[PDB]
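A lone chain, given as structure tokens: the form deposited without cytidine-5'-monophosphate.
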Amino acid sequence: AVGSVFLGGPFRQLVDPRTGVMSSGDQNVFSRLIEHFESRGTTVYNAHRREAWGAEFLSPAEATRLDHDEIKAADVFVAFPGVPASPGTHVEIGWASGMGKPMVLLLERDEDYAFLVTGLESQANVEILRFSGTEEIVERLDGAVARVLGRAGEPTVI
């Protein structure tokens, strides 16, 4: 039973400047994943919900500290690197892989991602989950999380 997960992905890039929040459509995948884990007893750390989807942003300094500390606390790191790339999420991918965390990276099917992201497969404790929709993520995530977590602490190149 997975104790806790950190869920990362594009955020500021998805906030509508006119309303100051993410659209319901853009929130959907995050809320679905949050509920998915929490209903199974897994605590979820996630900036989007923490900062009310854009309405209660923290400062650069406070966001940085919290994201880093919650990634360090969480048993598993799950994140969308983003199309286009989320720069903040890529920093977090660095933090998590540098900590030797079990990681599931959620990559859009047929989209291009960076070499230092796809190259982490078999260099770190990482599973890539390519997806074409939210239901597919929900159906496959538990198996992926379980596989990486099963190898937690085992030595990697990183």
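Residue indices: 1-based, along the sequence shown.
Below: the form solved in complex with cytidine-5'-monophosphate, not depicted.
Peer 1: Tell me the stretch among 31-39, 45-53, 101-109, 127-135 that has any heavy atom within 4.5 angstroms of cytidine-5'-monophosphate in the bound PDB entry.
Peer 2: The contacting stretch here is 45-53.
Peer 1: Could you confirm whether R147 comes within 4.5 Å of cytidine-5'-monophosphate in the bound PDB entry, counting heavy atoms only?
Peer 2: No.
Peer 1: Which of the residues spanning 95-128 lie within 4.5 Å of cytidine-5'-monophosphate in the bound PDB entry, based on heavy atoms?
Peer 2: Heavy-atom contacts to cytidine-5'-monophosphate in the bound PDB entry: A114, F115, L116.
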